[PDB]
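Trainee: The following file, start.pdb, comprises PDB, C-alpha atoms and all ligand atoms:
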ATOM      1  CA  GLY A  25     -69.808 111.414-139.211
ATOM      2  CA  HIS A  26     -73.040 109.783-138.009
ATOM      3  CA  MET A  27     -74.722 109.732-141.466
ATOM      4  CA  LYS A  28     -71.469 108.281-142.813
ATOM      5  CA  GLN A  29     -71.575 105.469-140.211
ATOM      6  CA  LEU A  30     -75.184 104.671-141.112
ATOM      7  CA  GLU A  31     -74.314 104.624-144.839
ATOM      8  CA  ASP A  32     -71.452 102.280-144.079
ATOM      9  CA  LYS A  33     -73.693  99.938-142.098
ATOM     10  CA  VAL A  34     -76.246  99.866-144.877
ATOM     11  CA  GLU A  35     -73.459  99.080-147.379
ATOM     12  CA  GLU A  36     -72.551  96.103-145.287
ATOM     13  CA  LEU A  37     -76.098  94.950-145.207
ATOM     14  CA  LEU A  38     -76.610  95.514-148.970
ATOM     15  CA  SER A  39     -73.757  93.049-149.608
ATOM     16  CA  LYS A  40     -75.059  90.577-147.080
ATOM     17  CA  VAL A  41     -78.507  90.531-148.622
ATOM     18  CA  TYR A  42     -76.969  90.053-152.111
ATOM     19  CA  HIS A  43     -75.064  86.994-150.874
ATOM     20  CA  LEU A  44     -78.099  85.561-148.969
ATOM     21  CA  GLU A  45     -80.165  85.923-152.185
ATOM     22  CA  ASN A  46     -77.476  84.011-154.108
ATOM     23  CA  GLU A  47     -77.255  81.291-151.500
ATOM     24  CA  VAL A  48     -81.041  80.782-151.205
ATOM     25  CA  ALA A  49     -81.379  80.673-155.020
ATOM     26  CA  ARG A  50     -78.826  77.983-155.059
ATOM     27  CA  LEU A  51     -80.376  75.870-152.292
ATOM     28  CA  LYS A  52     -83.713  76.034-154.134
ATOM     29  CA  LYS A  53     -82.128  74.739-157.316
ATOM     30  CA  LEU A  54     -80.109  72.024-155.644
ATOM     31  CA  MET A  55     -82.823  70.771-153.134
ATOM     32  CA  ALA A  56     -84.060  67.150-153.256
ATOM     33  CA  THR A  57     -87.473  67.116-151.672
ATOM     34  CA  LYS A  58     -89.315  65.042-149.051
ATOM     35  CA  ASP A  59     -91.702  64.041-151.807
ATOM     36  CA  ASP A  60     -88.868  62.740-154.033
ATOM     37  CA  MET A  61     -87.663  60.710-151.071
ATOM     38  CA  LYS A  62     -91.120  59.311-150.222
ATOM     39  CA  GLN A  63     -91.465  58.144-153.848
ATOM     40  CA  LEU A  64     -88.272  56.021-153.418
ATOM     41  CA  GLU A  65     -89.253  54.934-149.938
ATOM     42  CA  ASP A  66     -92.500  53.515-151.418
ATOM     43  CA  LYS A  67     -90.517  51.463-153.978
ATOM     44  CA  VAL A  68     -88.143  50.229-151.238
ATOM     45  CA  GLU A  69     -91.216  49.105-149.224
ATOM     46  CA  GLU A  70     -92.184  46.837-152.202
ATOM     47  CA  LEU A  71     -88.706  45.440-152.620
ATOM     48  CA  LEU A  72     -88.283  44.719-148.880
ATOM     49  CA  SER A  73     -91.221  42.305-149.147
ATOM     50  CA  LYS A  74     -89.906  40.814-152.382
ATOM     51  CA  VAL A  75     -86.443  40.098-151.015
ATOM     52  CA  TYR A  76     -87.991  38.408-147.981
ATOM     53  CA  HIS A  77     -90.189  36.161-150.198
ATOM     54  CA  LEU A  78     -87.132  35.314-152.338
ATOM     55  CA  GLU A  79     -85.230  34.308-149.186
ATOM     56  CA  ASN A  80     -88.070  31.963-148.267
ATOM     57  CA  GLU A  81     -88.225  30.499-151.743
ATOM     58  CA  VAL A  82     -84.476  29.901-151.989
ATOM     59  CA  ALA A  83     -84.472  28.281-148.533
ATOM     60  CA  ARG A  84     -87.187  25.869-149.679
ATOM     61  CA  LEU A  85     -85.238  24.970-152.820
ATOM     62  CA  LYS A  86     -82.018  24.435-150.895
ATOM     63  CA  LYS A  87     -83.809  21.981-148.588
ATOM     64  CA  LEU A  88     -85.358  20.178-151.558
ATOM     65  CA  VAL A  89     -82.096  19.876-153.456
ATOM     66  CA  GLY A  90     -80.823  18.580-150.061
ATOM     67  CA  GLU A  91     -82.877  15.325-150.399
TER      68      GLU A  91
ATOM     69  CA  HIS B  26     -80.450 112.116-149.401
ATOM     70  CA  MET B  27     -81.890 110.761-146.120
ATOM     71  CA  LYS B  28     -84.996 109.801-148.159
ATOM     72  CA  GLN B  29     -82.842 107.897-150.618
ATOM     73  CA  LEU B  30     -81.127 106.083-147.700
ATOM     74  CA  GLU B  31     -84.519 105.330-146.113
ATOM     75  CA  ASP B  32     -85.736 104.003-149.465
ATOM     76  CA  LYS B  33     -82.697 101.673-149.766
ATOM     77  CA  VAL B  34     -83.281 100.301-146.264
ATOM     78  CA  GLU B  35     -86.979  99.667-147.081
ATOM     79  CA  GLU B  36     -85.930  97.905-150.319
ATOM     80  CA  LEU B  37     -83.523  95.691-148.378
ATOM     81  CA  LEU B  38     -86.209  94.944-145.733
ATOM     82  CA  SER B  39     -88.541  93.884-148.538
ATOM     83  CA  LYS B  40     -85.893  91.522-149.951
ATOM     84  CA  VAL B  41     -85.305  90.059-146.447
ATOM     85  CA  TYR B  42     -89.001  89.444-145.957
ATOM     86  CA  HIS B  43     -89.133  87.516-149.214
ATOM     87  CA  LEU B  44     -85.960  85.542-148.158
ATOM     88  CA  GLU B  45     -87.601  84.586-144.852
ATOM     89  CA  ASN B  46     -90.632  83.215-146.751
ATOM     90  CA  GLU B  47     -88.301  81.339-149.158
ATOM     91  CA  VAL B  48     -86.353  79.796-146.277
ATOM     92  CA  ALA B  49     -89.494  78.583-144.599
ATOM     93  CA  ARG B  50     -90.611  76.975-147.877
ATOM     94  CA  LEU B  51     -87.229  75.267-148.201
ATOM     95  CA  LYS B  52     -87.399  73.877-144.751
ATOM     96  CA  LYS B  53     -90.862  72.475-145.437
ATOM     97  CA  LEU B  54     -89.898  70.803-148.682
ATOM     98  CA  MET B  55     -86.308  69.711-148.277
ATOM     99  CA  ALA B  56     -85.192  66.143-147.703
ATOM    100  CA  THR B  57     -82.243  65.961-145.337
ATOM    101  CA  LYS B  58     -78.969  64.063-145.352
ATOM    102  CA  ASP B  59     -79.896  61.897-142.314
ATOM    103  CA  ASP B  60     -82.998  60.526-143.857
ATOM    104  CA  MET B  61     -81.350  59.972-147.236
ATOM    105  CA  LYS B  62     -78.635  57.999-145.410
ATOM    106  CA  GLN B  63     -81.252  55.877-143.632
ATOM    107  CA  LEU B  64     -82.841  54.975-146.921
ATOM    108  CA  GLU B  65     -79.518  54.394-148.678
ATOM    109  CA  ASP B  66     -78.492  52.034-145.792
ATOM    110  CA  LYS B  67     -81.718  50.039-146.220
ATOM    111  CA  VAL B  68     -81.079  49.753-149.982
ATOM    112  CA  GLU B  69     -77.516  48.577-149.368
ATOM    113  CA  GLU B  70     -78.743  46.007-146.875
ATOM    114  CA  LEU B  71     -81.154  44.680-149.462
ATOM    115  CA  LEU B  72     -78.547  44.719-152.244
ATOM    116  CA  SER B  73     -76.316  42.592-149.986
ATOM    117  CA  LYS B  74     -79.102  40.107-149.362
ATOM    118  CA  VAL B  75     -79.686  39.936-153.132
ATOM    119  CA  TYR B  76     -76.004  39.343-153.898
ATOM    120  CA  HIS B  77     -76.039  36.443-151.465
ATOM    121  CA  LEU B  78     -79.245  35.060-153.049
ATOM    122  CA  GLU B  79     -77.650  35.326-156.474
ATOM    123  CA  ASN B  80     -74.693  33.252-155.319
ATOM    124  CA  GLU B  81     -77.081  30.606-153.711
ATOM    125  CA  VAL B  82     -79.187  30.405-156.832
ATOM    126  CA  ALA B  83     -76.045  29.961-158.979
ATOM    127  CA  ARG B  84     -74.836  27.159-156.726
ATOM    128  CA  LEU B  85     -78.201  25.414-156.814
ATOM    129  CA  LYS B  86     -78.217  25.694-160.648
ATOM    130  CA  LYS B  87     -74.835  23.900-160.822
ATOM    131  CA  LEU B  88     -76.231  21.188-158.438
ATOM    132  CA  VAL B  89     -79.254  20.484-160.654
TER     133      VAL B  89
ATOM    134  CA  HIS C  26     -86.367 111.308-138.623
ATOM    135  CA  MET C  27     -82.829 109.856-138.042
ATOM    136  CA  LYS C  28     -84.270 107.729-135.235
ATOM    137  CA  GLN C  29     -86.910 106.324-137.623
ATOM    138  CA  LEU C  30     -84.111 105.320-140.048
ATOM    139  CA  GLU C  31     -81.855 103.931-137.184
ATOM    140  CA  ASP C  32     -84.698 101.665-136.064
ATOM    141  CA  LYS C  33     -85.325 100.288-139.540
ATOM    142  CA  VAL C  34     -81.588  99.591-139.895
ATOM    143  CA  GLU C  35     -81.684  97.720-136.573
ATOM    144  CA  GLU C  36     -84.605  95.568-137.830
ATOM    145  CA  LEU C  37     -82.568  94.870-141.014
ATOM    146  CA  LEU C  38     -79.309  93.939-139.242
ATOM    147  CA  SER C  39     -81.026  91.643-136.854
ATOM    148  CA  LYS C  40     -83.050  89.882-139.520
ATOM    149  CA  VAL C  41     -79.957  89.483-141.757
ATOM    150  CA  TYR C  42     -77.902  87.920-138.979
ATOM    151  CA  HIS C  43     -80.737  85.478-138.224
ATOM    152  CA  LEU C  44     -81.050  84.544-141.898
ATOM    153  CA  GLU C  45     -77.284  84.022-142.260
ATOM    154  CA  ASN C  46     -77.286  81.521-139.500
ATOM    155  CA  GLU C  47     -80.432  79.738-140.758
ATOM    156  CA  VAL C  48     -79.046  79.454-144.298
ATOM    157  CA  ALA C  49     -75.799  78.013-142.901
ATOM    158  CA  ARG C  50     -77.812  75.380-141.021
ATOM    159  CA  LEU C  51     -79.891  74.403-144.068
ATOM    160  CA  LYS C  52     -76.767  74.112-146.261
ATOM    161  CA  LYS C  53     -75.515  71.436-143.851
ATOM    162  CA  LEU C  54     -78.805  69.502-143.666
ATOM    163  CA  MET C  55     -80.321  69.646-147.224
ATOM    164  CA  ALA C  56     -79.794  66.493-149.398
ATOM    165  CA  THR C  57     -79.295  67.315-153.090
ATOM    166  CA  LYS C  58     -80.688  66.411-156.454
ATOM    167  CA  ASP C  59     -77.445  64.713-157.227
ATOM    168  CA  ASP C  60     -77.707  62.640-154.023
ATOM    169  CA  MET C  61     -81.280  61.670-154.915
ATOM    170  CA  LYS C  62     -80.210  60.664-158.453
ATOM    171  CA  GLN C  63     -77.571  58.382-157.091
ATOM    172  CA  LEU C  64     -80.074  56.776-154.662
ATOM    173  CA  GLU C  65     -82.613  56.431-157.539
ATOM    174  CA  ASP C  66     -79.980  54.544-159.477
ATOM    175  CA  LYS C  67     -79.210  52.246-156.530
ATOM    176  CA  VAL C  68     -82.906  51.412-156.216
ATOM    177  CA  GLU C  69     -82.971  50.729-159.997
ATOM    178  CA  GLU C  70     -80.133  48.274-159.432
ATOM    179  CA  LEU C  71     -82.018  46.612-156.585
ATOM    180  CA  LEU C  72     -85.372  46.326-158.476
ATOM    181  CA  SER C  73     -83.685  44.956-161.602
ATOM    182  CA  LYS C  74     -81.720  42.307-159.637
ATOM    183  CA  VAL C  75     -84.860  41.317-157.710
ATOM    184  CA  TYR C  76     -86.769  40.857-160.924
ATOM    185  CA  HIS C  77     -83.988  38.686-162.456
ATOM    186  CA  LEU C  78     -83.816  36.553-159.286
ATOM    187  CA  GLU C  79     -87.623  36.135-159.326
ATOM    188  CA  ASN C  80     -87.340  34.739-162.827
ATOM    189  CA  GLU C  81     -84.321  32.510-162.004
ATOM    190  CA  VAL C  82     -86.117  31.116-158.920
ATOM    191  CA  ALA C  83     -89.328  30.332-160.907
ATOM    192  CA  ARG C  84     -87.219  28.536-163.540
ATOM    193  CA  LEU C  85     -85.303  26.520-160.911
ATOM    194  CA  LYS C  86     -88.590  25.490-159.306
ATOM    195  CA  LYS C  87     -90.005  24.188-162.593
ATOM    196  CA  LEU C  88     -86.704  22.324-163.136
ATOM    197  CA  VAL C  89     -86.974  20.723-159.682
TER     198      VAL C  89
HETATM  199 CA    CA A 101     -79.973  54.621-163.788
HETATM  200 CL    CL A 102     -90.134  47.040-159.477
END
What is this structure when it is put down as structure tokens?
Ligand SMILES: [Ca+2]
Ligand SMILES: [Cl-]
Mentor:
Amino acid sequence: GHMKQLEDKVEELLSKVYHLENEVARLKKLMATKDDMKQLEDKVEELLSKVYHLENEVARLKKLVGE
Amino acid sequence: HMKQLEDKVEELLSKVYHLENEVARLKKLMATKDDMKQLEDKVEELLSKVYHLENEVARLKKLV
Amino acid sequence: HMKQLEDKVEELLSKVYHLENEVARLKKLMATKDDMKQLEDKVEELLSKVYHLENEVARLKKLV
């Protein structure tokens, strides 16, 4: 009947909540964070400048070795 | 029996409230694929510049 | 009292459907620990190769 329908709906939801809990637990354990990324970004900012300076230094040497 | 059903529904609502809070915390904290790809691209661009510098330096070394 | 229970069940169903869709979205967007580890290792490669080139360039300059 009507109580039976409501029980059956709540069974469906019980299962859905169980699965959502499992999925969220997983995302939390697998998540790389914004902060982790910013830490690498900061290192890449350093290296960007270093590679540019190296390019300028190698260009100067090439020209020198050129005469 | 209705009480026990009403109790189960309130237990499930409580778990859903906690999940909503957890999801919002995830969204706040998570790095995303697009931004990781942007950074990885920049690293690869730099790695390619370095590989080319390595070859130029080698060549210069053989010239001297 | 059945109406009270029906309305709580409606709150639950609606909130669960919303969460399902949000969790699906986040699964597609969220970069992982493993992804970050691989990018950390690429940046290690880059910083190590930069340092070696810095040394090789300083040496070559002294030689010239
Ligand atoms: Ca490593
Ligand atoms: Cl470094």
Trainee: What are the residues of chain B lining chain C at 6 Å or less? Count only C-alpha atoms, and put the answer as a list in words.
Mentor: residues 38, 56, 57, 58 and 72 of chain B
Trainee: Record the distance separating CA of residue 63 (chain A) and CA of residue 79 (chain A), expressed in Å with one decimal.
Mentor: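 Distance reported for this atom pair: 25.1 Å.
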Trainee: To test your reading of the syntax: which residues would the PyMOL selection byres ((chain A and not hetatm) within 8 of (chain C)) return for the file shown? Reply as a PyMOL selection string.
Mentor: chain A and resi 30+34+37+40-41+44+47-48+51+54-56+60-61+64+67-68+71+74-75+78+81-82+85+89
Trainee: Mind doing a quick least-squares superposition of chain B onto chain C, all C-alpha atoms paired one-to-one in order, and writing it out as a PDB file with C-alpha atoms, in the frame of the given file?
Mentor:
ATOM      1  CA  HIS B  26     -87.996 110.460-137.966  1.00  0.00           C
ATOM      2  CA  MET B  27     -84.359 109.725-138.918  1.00  0.00           C
ATOM      3  CA  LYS B  28     -84.161 107.720-135.652  1.00  0.00           C
ATOM      4  CA  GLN B  29     -87.195 105.699-136.663  1.00  0.00           C
ATOM      5  CA  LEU B  30     -85.598 105.029-140.091  1.00  0.00           C
ATOM      6  CA  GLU B  31     -82.298 104.076-138.419  1.00  0.00           C
ATOM      7  CA  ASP B  32     -84.208 101.747-136.093  1.00  0.00           C
ATOM      8  CA  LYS B  33     -85.938 100.029-139.061  1.00  0.00           C
ATOM      9  CA  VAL B  34     -82.605  99.494-140.819  1.00  0.00           C
ATOM     10  CA  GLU B  35     -81.106  97.994-137.618  1.00  0.00           C
ATOM     11  CA  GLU B  36     -84.164  95.705-137.296  1.00  0.00           C
ATOM     12  CA  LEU B  37     -83.717  94.541-140.888  1.00  0.00           C
ATOM     13  CA  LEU B  38     -79.954  93.990-140.331  1.00  0.00           C
ATOM     14  CA  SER B  39     -80.811  91.843-137.317  1.00  0.00           C
ATOM     15  CA  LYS B  40     -83.224  89.742-139.403  1.00  0.00           C
ATOM     16  CA  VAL B  41     -80.545  89.342-142.128  1.00  0.00           C
ATOM     17  CA  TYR B  42     -77.983  88.187-139.602  1.00  0.00           C
ATOM     18  CA  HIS B  43     -80.368  85.515-138.372  1.00  0.00           C
ATOM     19  CA  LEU B  44     -81.103  84.500-142.048  1.00  0.00           C
ATOM     20  CA  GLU B  45     -77.373  84.113-142.734  1.00  0.00           C
ATOM     21  CA  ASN B  46     -77.061  81.766-139.722  1.00  0.00           C
ATOM     22  CA  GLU B  47     -80.156  79.818-140.893  1.00  0.00           C
ATOM     23  CA  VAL B  48     -78.750  79.440-144.408  1.00  0.00           C
ATOM     24  CA  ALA B  49     -75.471  78.120-143.122  1.00  0.00           C
ATOM     25  CA  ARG B  50     -77.347  75.562-140.997  1.00  0.00           C
ATOM     26  CA  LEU B  51     -79.355  74.493-144.044  1.00  0.00           C
ATOM     27  CA  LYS B  52     -76.297  74.005-146.112  1.00  0.00           C
ATOM     28  CA  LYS B  53     -74.746  71.853-143.394  1.00  0.00           C
ATOM     29  CA  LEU B  54     -77.771  69.632-142.974  1.00  0.00           C
ATOM     30  CA  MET B  55     -79.365  69.369-146.385  1.00  0.00           C
ATOM     31  CA  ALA B  56     -79.161  66.334-148.632  1.00  0.00           C
ATOM     32  CA  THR B  57     -78.885  67.307-152.279  1.00  0.00           C
ATOM     33  CA  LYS B  58     -80.560  66.115-155.456  1.00  0.00           C
ATOM     34  CA  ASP B  59     -77.328  64.645-156.933  1.00  0.00           C
ATOM     35  CA  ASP B  60     -76.685  62.375-154.049  1.00  0.00           C
ATOM     36  CA  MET B  61     -80.323  61.311-153.777  1.00  0.00           C
ATOM     37  CA  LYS B  62     -80.169  60.404-157.485  1.00  0.00           C
ATOM     38  CA  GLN B  63     -77.012  58.343-156.939  1.00  0.00           C
ATOM     39  CA  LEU B  64     -78.702  56.364-154.222  1.00  0.00           C
ATOM     40  CA  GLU B  65     -81.964  55.995-156.144  1.00  0.00           C
ATOM     41  CA  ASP B  66     -79.946  54.669-159.164  1.00  0.00           C
ATOM     42  CA  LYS B  67     -78.257  52.062-156.945  1.00  0.00           C
ATOM     43  CA  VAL B  68     -81.662  50.968-155.586  1.00  0.00           C
ATOM     44  CA  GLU B  69     -83.062  50.673-159.109  1.00  0.00           C
ATOM     45  CA  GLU B  70     -80.064  48.627-160.180  1.00  0.00           C
ATOM     46  CA  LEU B  71     -80.670  46.266-157.295  1.00  0.00           C
ATOM     47  CA  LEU B  72     -84.427  46.094-157.927  1.00  0.00           C
ATOM     48  CA  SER B  73     -83.629  45.059-161.517  1.00  0.00           C
ATOM     49  CA  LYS B  74     -81.281  42.333-160.343  1.00  0.00           C
ATOM     50  CA  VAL B  75     -84.010  41.116-157.966  1.00  0.00           C
ATOM     51  CA  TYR B  76     -86.665  41.051-160.694  1.00  0.00           C
ATOM     52  CA  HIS B  77     -84.358  38.900-162.787  1.00  0.00           C
ATOM     53  CA  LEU B  78     -83.689  36.588-159.803  1.00  0.00           C
ATOM     54  CA  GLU B  79     -87.419  36.281-159.222  1.00  0.00           C
ATOM     55  CA  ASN B  80     -87.940  35.156-162.805  1.00  0.00           C
ATOM     56  CA  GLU B  81     -84.997  32.598-162.509  1.00  0.00           C
ATOM     57  CA  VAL B  82     -86.329  31.230-159.258  1.00  0.00           C
ATOM     58  CA  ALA B  83     -89.821  30.859-160.791  1.00  0.00           C
ATOM     59  CA  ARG B  84     -88.378  28.989-163.760  1.00  0.00           C
ATOM     60  CA  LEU B  85     -86.358  26.679-161.532  1.00  0.00           C
ATOM     61  CA  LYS B  86     -89.509  25.981-159.444  1.00  0.00           C
ATOM     62  CA  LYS B  87     -91.386  24.868-162.594  1.00  0.00           C
ATOM     63  CA  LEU B  88     -88.366  22.628-163.516  1.00  0.00           C
ATOM     64  CA  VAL B  89     -88.386  20.837-160.149  1.00  0.00           C
TER      65      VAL B  89
END
Trainee: So which one's closest to ligand CL 102 (chain A), A:88, A:83, A:39, A:72? Using all atoms listed in the file, please.
Mentor: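 Looking at the shortest contact to ligand CL 102 (chain A), the residue is A:72.
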Trainee: Grab the CA of residue 28 (chain C) to CA of residue 36 (chain A) distance for me, in Å with one decimal place.
Mentor: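 Interatomic distance here is 19.3 Å.
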Trainee: One decimal, in Å: what's the spacing between CA of residue 66 (chain A) and CA of residue 50 (chain B)?
Mentor: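 Interatomic distance, CA of residue 66 (chain A) to CA of residue 50 (chain B): 23.8 Å.
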Trainee: Using all atoms listed in the file, pick whichever of A:80, A:29, A:73, A:46 has the shortest atom-to-atom distance to ligand CL 102 (chain A).
Mentor: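 Among A:80, A:29, A:73, A:46, it is A:73 that comes nearest to ligand CL 102 (chain A).
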Trainee: Region 49-60 of chain C, all listed atoms, 6 Å padding on each side: what axis-aligned box centre and edge lengths in Å to one decimal come out, as AutoDock Vina command-line options?
Mentor:
--center_x -78.1 --center_y 70.3 --center_z -149.1 --size_x 17.2 --size_y 27.4 --size_z 28.2
Trainee: Using the incomplete input, complete region 53-81 of chain C to the level of N, CA and C atoms; output as a JSON list (two decimals), keeping the file's coordinate frame.
Mentor:
[["chain", "number", "residue", "atom", "x", "y", "z"],
["C", 53, "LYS", "N", -76.05, 72.69, -144.44],
["C", 53, "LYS", "CA", -75.52, 71.44, -143.85],
["C", 53, "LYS", "C", -76.48, 70.27, -143.87],
["C", 54, "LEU", "N", -77.77, 70.51, -143.78],
["C", 54, "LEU", "CA", -78.81, 69.50, -143.67],
["C", 54, "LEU", "C", -79.34, 69.00, -145.01],
["C", 55, "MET", "N", -79.54, 69.91, -145.97],
["C", 55, "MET", "CA", -80.32, 69.65, -147.22],
["C", 55, "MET", "C", -79.56, 68.67, -148.14],
["C", 56, "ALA", "N", -80.21, 67.54, -148.43],
["C", 56, "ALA", "CA", -79.79, 66.49, -149.40],
["C", 56, "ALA", "C", -80.05, 67.10, -150.79],
["C", 57, "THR", "N", -79.23, 66.72, -151.77],
["C", 57, "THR", "CA", -79.30, 67.32, -153.09],
["C", 57, "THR", "C", -79.95, 66.44, -154.14],
["C", 58, "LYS", "N", -80.31, 67.07, -155.24],
["C", 58, "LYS", "CA", -80.69, 66.41, -156.45],
["C", 58, "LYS", "C", -79.69, 65.40, -156.88],
["C", 59, "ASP", "N", -78.39, 65.71, -156.86],
["C", 59, "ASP", "CA", -77.44, 64.71, -157.23],
["C", 59, "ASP", "C", -77.46, 63.49, -156.29],
["C", 60, "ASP", "N", -77.59, 63.74, -154.98],
["C", 60, "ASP", "CA", -77.71, 62.64, -154.02],
["C", 60, "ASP", "C", -78.92, 61.75, -154.32],
["C", 61, "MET", "N", -80.04, 62.39, -154.56],
["C", 61, "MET", "CA", -81.28, 61.67, -154.92],
["C", 61, "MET", "C", -81.16, 60.86, -156.19],
["C", 62, "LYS", "N", -80.46, 61.38, -157.19],
["C", 62, "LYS", "CA", -80.21, 60.66, -158.45],
["C", 62, "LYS", "C", -79.39, 59.41, -158.24],
["C", 63, "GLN", "N", -78.41, 59.53, -157.35],
["C", 63, "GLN", "CA", -77.57, 58.38, -157.09],
["C", 63, "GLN", "C", -78.39, 57.32, -156.36],
["C", 64, "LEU", "N", -79.22, 57.73, -155.38],
["C", 64, "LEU", "CA", -80.07, 56.78, -154.66],
["C", 64, "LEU", "C", -81.12, 56.16, -155.60],
["C", 65, "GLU", "N", -81.64, 56.96, -156.53],
["C", 65, "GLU", "CA", -82.61, 56.43, -157.54],
["C", 65, "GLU", "C", -81.97, 55.31, -158.39],
["C", 66, "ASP", "N", -80.69, 55.46, -158.70],
["C", 66, "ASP", "CA", -79.98, 54.54, -159.48],
["C", 66, "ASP", "C", -79.67, 53.27, -158.67],
["C", 67, "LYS", "N", -79.36, 53.42, -157.40],
["C", 67, "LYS", "CA", -79.21, 52.25, -156.53],
["C", 67, "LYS", "C", -80.47, 51.46, -156.42],
["C", 68, "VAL", "N", -81.59, 52.14, -156.25],
["C", 68, "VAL", "CA", -82.91, 51.41, -156.22],
["C", 68, "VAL", "C", -83.22, 50.75, -157.53],
["C", 69, "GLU", "N", -82.90, 51.36, -158.68],
["C", 69, "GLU", "CA", -82.97, 50.73, -160.00],
["C", 69, "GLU", "C", -82.18, 49.42, -160.00],
["C", 70, "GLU", "N", -80.94, 49.48, -159.46],
["C", 70, "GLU", "CA", -80.13, 48.27, -159.43],
["C", 70, "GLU", "C", -80.85, 47.16, -158.64],
["C", 71, "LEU", "N", -81.40, 47.54, -157.51],
["C", 71, "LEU", "CA", -82.02, 46.61, -156.58],
["C", 71, "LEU", "C", -83.25, 46.04, -157.33],
["C", 72, "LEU", "N", -84.12, 46.87, -157.87],
["C", 72, "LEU", "CA", -85.37, 46.33, -158.48],
["C", 72, "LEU", "C", -85.12, 45.44, -159.66],
["C", 73, "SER", "N", -84.07, 45.75, -160.43],
["C", 73, "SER", "CA", -83.68, 44.96, -161.60],
["C", 73, "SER", "C", -83.14, 43.57, -161.18],
["C", 74, "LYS", "N", -82.33, 43.55, -160.13],
["C", 74, "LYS", "CA", -81.72, 42.31, -159.64],
["C", 74, "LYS", "C", -82.77, 41.44, -158.97],
["C", 75, "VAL", "N", -83.72, 42.07, -158.29],
["C", 75, "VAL", "CA", -84.86, 41.32, -157.71],
["C", 75, "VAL", "C", -85.66, 40.68, -158.83],
["C", 76, "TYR", "N", -86.03, 41.42, -159.86],
["C", 76, "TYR", "CA", -86.77, 40.86, -160.92],
["C", 76, "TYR", "C", -86.04, 39.64, -161.60],
["C", 77, "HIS", "N", -84.76, 39.78, -161.84],
["C", 77, "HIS", "CA", -83.99, 38.69, -162.46],
["C", 77, "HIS", "C", -83.97, 37.47, -161.55],
["C", 78, "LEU", "N", -83.76, 37.70, -160.24],
["C", 78, "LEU", "CA", -83.82, 36.55, -159.29],
["C", 78, "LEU", "C", -85.18, 35.91, -159.25],
["C", 79, "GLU", "N", -86.25, 36.69, -159.29],
["C", 79, "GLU", "CA", -87.62, 36.14, -159.33],
["C", 79, "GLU", "C", -87.79, 35.16, -160.50],
["C", 80, "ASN", "N", -87.26, 35.58, -161.65],
["C", 80, "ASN", "CA", -87.34, 34.74, -162.83],
["C", 80, "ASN", "C", -86.48, 33.48, -162.66],
["C", 81, "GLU", "N", -85.25, 33.65, -162.16],
["C", 81, "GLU", "CA", -84.32, 32.51, -162.00],
["C", 81, "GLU", "C", -84.89, 31.52, -161.00]]
